[PDB]
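Just the one chain here, the form deposited in one PDB entry, laid out as structure tokens.
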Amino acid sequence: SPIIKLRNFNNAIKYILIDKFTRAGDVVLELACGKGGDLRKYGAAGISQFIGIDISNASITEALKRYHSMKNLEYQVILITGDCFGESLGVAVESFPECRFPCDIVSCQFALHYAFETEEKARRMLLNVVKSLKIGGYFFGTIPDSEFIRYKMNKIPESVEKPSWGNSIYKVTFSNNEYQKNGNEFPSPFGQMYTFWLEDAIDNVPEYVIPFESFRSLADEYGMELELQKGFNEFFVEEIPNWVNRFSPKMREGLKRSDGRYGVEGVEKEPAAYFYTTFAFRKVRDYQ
């Protein structure tokens, strides 16, 4: 399946990204952890403690069910329902004093753009990140790539009321064309909504652009400086040599293309390799 190949590729991206920044003994806070599908990736990195928070009780229930079916684990796991973006994290974690804060790593996969609903939420998310992180610690994850979004939008005429593009397995549909009416610039970095469909994965969910320059400038205000901004394709090309043989046999065969090399080809290439970017920052100073 194109979708199976996409899932395997993005799973590989996460393995690589987690390993790149997470070191043995680290304490990890995972924001918007969903159903907690990356635990084994953090275990491979040798962490000491994992704290996962998600706003969905149904997702946390599933993550706890997945956790409790694991065995011989060498790290502690805390899984919590709470709002990571609209409220202070202290609300979510107060009844879990076993959390070891500040932590060494904050991660967030396929979710941070929901914090760009408004400026207030973007700032609250960043304040939660930096208050949780030690000086010198890292914040990393995976988001839709505003630069690829802008490329596509720059090819859409102003006559289109709901700018849209896609292929047989994915589709983006913007709520409005204010980008096009405003000289190919969003009227605000925040709240710029589009619905995202990905076959058998994402059911037309509204989400928000995360303009990378605004994310970066806000992060700097809160004391975090840029470490990584490579799109999935470039990231994979650069890192796969060190990993081709680190991956499970099943993940490796899944990554093999028809020409015998590694990556994605075919219809899944655009959504898997171009639509998303990695990000990482380092906390370099305390924020008042």
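Basically, rigid core = biggest C-alpha set you can superpose within 1.5 Å across the two forms. Numbering starts at 1 and runs along the sequence shown.
- 256 to 264 and 55 to 63 differ in mean CA B-factor, and the higher of the two is recorded for 256 to 264.
- Higher average CA B factor: 265 to 273, of the stretches 265 to 273 and 15 to 23.
- As recorded in the entry, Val244 carries the highest CA temperature factor of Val244, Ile47, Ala219, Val237.
- For the set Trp197, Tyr114, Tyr151, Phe96, the PDB entry assigns the largest Cα B-factor to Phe96.
- Per the PDB record, residue ranking by Cα B-factor puts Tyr75 in the highest third of the chain.
- When the modelled residues of the chain are ordered by C-alpha B-factor, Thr118 sits in the middle third.
- Sort the modelled residues of the chain by CA B factor and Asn182 lands in the highest third.
- The entry lists a Cα temperature factor for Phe190 that places it in the middle third of the chain's modelled residues.
- Ranked by C-alpha B-factor against the other modelled residues of its chain, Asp83 falls in the middle third.
Absent from the display: the form deposited in another entry. The rest refers to it.
- The comparison between this form and the one not shown, aligned on the rigid core, picks out a single residue among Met193, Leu127, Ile135, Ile202 whose CA moves by 2 Å or more, and that residue is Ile202.
- If you fit the rigid core between this form and the one not shown, you'll see the Cα of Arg261 move by 2 angstroms or more.
- The Cα-Cα distance between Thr277 and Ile202 is lengthened by 3 Å or more in the other entry relative to the form shown here.
- In the other entry, the CA atoms of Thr81 and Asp203 draw together by 3 angstroms or more relative to this form.
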